[PDB]
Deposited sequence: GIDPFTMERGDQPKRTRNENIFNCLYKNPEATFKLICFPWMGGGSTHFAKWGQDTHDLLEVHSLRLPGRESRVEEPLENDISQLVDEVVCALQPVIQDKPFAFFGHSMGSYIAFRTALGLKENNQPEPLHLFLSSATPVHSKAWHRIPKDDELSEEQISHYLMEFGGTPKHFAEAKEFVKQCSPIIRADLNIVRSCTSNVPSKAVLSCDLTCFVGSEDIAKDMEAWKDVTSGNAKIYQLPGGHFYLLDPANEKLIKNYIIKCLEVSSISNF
């Protein structure tokens, strides 16, 4: 396989949906499965080798991929060849709102995150601890982020037309590279649509191939 895509899942999907392999031999896809960044950086070493790589993330995974990239540059490692972010409101924007502390959230407020279906009320109690921990990750990946472009890799934002994520156009500030945004038909999970998935996939492959052209 030429490239290696490192995918970061959303809250709920057990890293399954991003089991996108066989295309036919372009991407070796490896998925996350939930200073935590340090634990990821040295864990991507044995699989990155010296081959080129890219990051894709959805909602929660967008913040995680971003900080993982941001944390690779800090260790003087090479950044991802491309950073693909999906359905996430950037930390520095007019629409962003800070995630409250754990001890300031009620189970009811935790239950509203789980919806991102409302029928499930009793189940929320058993999913409560997973959710609160996931929010802890996101609360950290959105805390103390620089106000200066640290990254330099190219960046594409994907977002649904009926999405709850907003103002992704502002993600361009986190890097000095080229920033593109595509608005696709769907909600917060547009990317499940086999049409949108095909669009995203093909766009990822084209991106990495063009960025891999010799510097002549």
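Where C-alpha coordinates are absent, the deposited sequence of this PDB chain has the segments 1 to 30, 65 to 82, 165 to 171.
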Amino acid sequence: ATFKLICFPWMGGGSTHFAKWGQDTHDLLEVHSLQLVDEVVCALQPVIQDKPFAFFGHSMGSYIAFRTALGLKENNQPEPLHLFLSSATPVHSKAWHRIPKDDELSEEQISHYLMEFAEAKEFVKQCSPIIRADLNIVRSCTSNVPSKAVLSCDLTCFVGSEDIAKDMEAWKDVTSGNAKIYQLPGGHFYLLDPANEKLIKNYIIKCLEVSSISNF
From here on, numbers count along this sequence of modelled residues.
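Comparing 117 to 125 with 100 to 108, the higher mean C-alpha B-factor in the PDB entry belongs to 117 to 125. For the two regions 158 to 166 and 35 to 43, the entry's Cα B-factors average higher over 35 to 43. When the C-alpha B factors of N76, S140, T89, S86 are read from the deposited coordinates, the top value falls at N76. Take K172, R67, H58, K51 and read off each C-alpha B-factor from the entry; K51 has the highest. Sort the modelled residues of the chain by CA B factor and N178 lands in the middle third. When the modelled residues of the chain are ordered by C-alpha B-factor, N196 sits in the middle third. Per the deposited record, the Cα B-factor of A149 falls in the middle third when ranked against the other modelled residues of its chain. Sort the chain's modelled residues by C-alpha temperature factor and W21 lands in the highest third, per the entry. Looking at the C-alpha B-factors along this chain, the one for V210 belongs to the lowest third.
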